[PDB]
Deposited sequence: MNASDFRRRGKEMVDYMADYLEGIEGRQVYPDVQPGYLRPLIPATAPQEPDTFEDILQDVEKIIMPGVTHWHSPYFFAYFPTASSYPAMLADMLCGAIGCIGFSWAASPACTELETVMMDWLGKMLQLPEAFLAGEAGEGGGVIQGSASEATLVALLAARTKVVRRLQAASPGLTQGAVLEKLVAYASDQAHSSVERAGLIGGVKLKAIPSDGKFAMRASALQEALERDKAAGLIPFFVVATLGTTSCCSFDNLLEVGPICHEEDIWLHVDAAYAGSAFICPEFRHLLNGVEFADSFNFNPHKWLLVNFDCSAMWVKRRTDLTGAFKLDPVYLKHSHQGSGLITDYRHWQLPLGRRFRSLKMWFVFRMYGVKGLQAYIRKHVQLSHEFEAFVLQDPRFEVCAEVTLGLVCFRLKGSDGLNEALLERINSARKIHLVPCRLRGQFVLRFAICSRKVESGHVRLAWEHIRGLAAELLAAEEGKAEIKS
């Protein structure tokens, strides 16, 4: 197809996209399709001659949609939200049209330059210490990573290279392999699985630190682990502090963990994938206190800041520490800040979102979700049959029917079978817990109310 055809089809696609998101409430959130449903519905080979756009769109609706879990439905309360905003979609369109591969400055100056500024803009919205800002003379700076899982691996690799060099500077005949055997990384027992994958890929041992009563990593527990492992001849080199754990959105104590990592010269990476977005609101910023001790900080605007997926934000205090793993002020070589060499103009999404919503719009968005979260929490607190299982700070409420895990697993099955809303569970200290996460950009109090009524009703039937 050509430009004139695109002008026509592109506009049709725009209406199709708007129609989908606009009438999404009428879709069943979770699909009834069985694994393997798709292959028999489409040809086993690509067509020799063109199919029409109309035919493809019909297939999207009749063959693809039945196998889609609608992340953006007001009734999707699973995992954590993923971002969807029209400004981000407009930027993605422009991004694909410009279509440059920013593997070097010369490949498209703006592809690299806009990103550094967007990262400073965002760094300021979060009130990050200046050490993380690029500005005109900063040693630090930020980069867009493809995802938090990748950001963590990047930080682990930078940390691995750094401690290897420190060990080798003092004892030159030491090999990389010999050093790997002694390296140990730590993360909370509530840390996301991306940390274990990073340890596995990095070839190092990863040890979980027992979390406290509020599922937070504490100085005492970290120190205990450090002493035991150093005594055994292991070398702590990397710690991942999680702000906004997946299970119950708890927060590791950065003010306690930071000083320890500093004293032991341990690389401290902060994973705030979900919660990070809330930090642009002054009332939640205290949760990030202690980030001044972090060597790297990361959160996903593609979760809770409306920047469509393919946008994880990472900052470091020393580009040299990051850069050393893959070989001030202005950044010209992002290829040394990430695993892949190529990259597309993703900073455009941030620019459009930040400018079209404005900081105030983004704050209102966060605050509304937190309000909705508390509305759901209030419902649960009013019913003596249920219990809230963890402090509710952001858009996640962990709850359960007072009773056995079997009862709650049954409640979850009833909810999934009903197909009205979609939630997922988790285990908090072996205990089965239901998670209610405010996800959709357009969830309203009504949806939360109906979701609660639906859940309360099923619970009643079950209790009988």
| item | value |
| --- | --- |
| Stretches with no C-alpha atoms in the model, relative to the deposited sequence starting at 1 | 328 to 339, 477 to 486 |
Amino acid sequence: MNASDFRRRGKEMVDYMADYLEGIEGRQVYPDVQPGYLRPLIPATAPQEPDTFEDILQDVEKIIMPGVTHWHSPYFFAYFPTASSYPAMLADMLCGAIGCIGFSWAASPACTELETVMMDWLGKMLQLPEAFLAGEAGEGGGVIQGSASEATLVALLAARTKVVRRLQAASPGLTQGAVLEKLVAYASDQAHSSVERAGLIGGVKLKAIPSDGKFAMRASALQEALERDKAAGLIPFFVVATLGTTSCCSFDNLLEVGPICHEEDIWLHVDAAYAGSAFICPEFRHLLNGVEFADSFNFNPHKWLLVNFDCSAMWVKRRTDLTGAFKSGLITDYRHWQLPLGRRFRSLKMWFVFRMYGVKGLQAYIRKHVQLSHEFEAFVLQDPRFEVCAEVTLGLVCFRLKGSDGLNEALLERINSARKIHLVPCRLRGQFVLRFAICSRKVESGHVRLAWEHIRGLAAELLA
From here on, numbers count along this sequence of modelled residues.
item	value
Higher-B stretch (mean Cα B-factor, as the entry records it), 32 to 40 or 46 to 54	46 to 54
Residue stretch of maximal mean CA temperature factor, 334 to 342 vs 383 to 391	383 to 391
Which of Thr245, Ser328, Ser347, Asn300 ranks first by CA B-factor in the deposited coordinates	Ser328
Largest Cα B-factor, entry values, listed residues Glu150, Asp212, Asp252, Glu115	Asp212
Lowest, middle or highest third - CA B-factor, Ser373	lowest
Cα B factor band for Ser171 (lowest, middle or highest third within the chain)	highest
B-factor third for the C-alpha atom of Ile438 within its chain	lowest
Within-chain third of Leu450 by Cα B-factor, per the entry	highest
Where the record places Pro425 (Cα B-factor, split into thirds across the chain)	middle
